[PDB]
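Chain order of the listed sequences is A and B.
Just so you know, we're using the deposited numbering here: the first sequence kicks off at 60 and counts up by one.
Just so you know, we're using the deposited numbering here: the second sequence kicks off at 59 and counts up by one.
Here's the structure we're looking at; comments come further down.
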Amino acid sequence: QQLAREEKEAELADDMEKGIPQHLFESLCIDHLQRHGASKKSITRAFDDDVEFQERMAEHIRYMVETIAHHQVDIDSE
Amino acid sequence: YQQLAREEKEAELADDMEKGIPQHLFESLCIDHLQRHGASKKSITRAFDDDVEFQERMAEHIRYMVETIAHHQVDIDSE
């Protein structure tokens, strides 16, 4: 039953992850980091060329989305 | 000590860039994109504002992003 709750969370986080593709964060960075010394090329190289970065980026988006899935189910129970 | 000075520059660049990326910019990204994908506004905000572990791990990834971009930027500064 806790194990049925984790299922709901994982399914929900599956859907959320789809609505949060990586280009949203790249856009964010281009828009907010240029004034801080980071050029389009560097942000672009991170997002399009850097394998390790892409993966660690996917890991965290999954964590973000698992965490809010968790809270969504909390409010579903209240 | 040439490579240390490079890393120290990378690190200070990251310090600067980090100020451009407060957490609420990410909260807004999520409320703008996740509502069609199963999340309510409340759930996102609960994560961003009430969940202390989320905040810390959020801060740390942001710091990771900025160090990695800083690294790429100094590489480009040396080509």
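Ideal Cβ placement from N, Cα and C applies to all residues, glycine included.
For the segment 83-94 of chain B, the set of residues with a beta-carbon nearer than 8 Å to any beta-carbon of chain A comprises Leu83, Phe84, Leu87, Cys88, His91, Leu92, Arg94, in chain order. Judged by beta-carbon spacing, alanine 105(B) lies within the 8 Å limit of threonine 126(A), meaning their Cβ atoms are closer than that value. Listed in chain order, the non-local C-beta contacts of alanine 72(A) below 6 Å within the same chain comprise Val124, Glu125, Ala128, local neighbours out to five positions each way being set aside. Per the C-alpha coordinates, the member of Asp90(B), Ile134(B), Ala117(B), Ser136(B) positioned closest to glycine 78(B) is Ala117(B).
In this structure, the alpha-carbon of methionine 75(A) lies about 31 Å from that of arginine 94(A). At a Cβ-Cβ threshold of 8 Å, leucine 87(A) and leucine 87(B) count as neighbours. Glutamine 113(A) and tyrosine 59(B) have their C-alpha atoms some 31 Å from each other.
Nearest to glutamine 131(B) by alpha-carbon distance, out of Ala69(A), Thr103(A), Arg64(A), is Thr103(A).
Within the model, the alpha-carbon separation for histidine 82(B) versus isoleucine 134(A) is close to 21 Å. When rounded, the separation of the alpha-carbon atoms in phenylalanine 84(B) and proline 80(A) is 13 Å. In this structure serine 101(B) is buried. Its beta-carbon is surrounded by 16 or more other beta-carbon atoms within 10 angstroms. In the displayed model, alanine 128(B) falls within a helix according to three-state DSSP.
In summary, the residues of the segment 94-106 of chain A whose CB is separated from some CB of chain B by less than 8 Å are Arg94, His95, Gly96, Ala97, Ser98, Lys100, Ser101, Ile102, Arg104, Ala105, in the order they occur in the chain.
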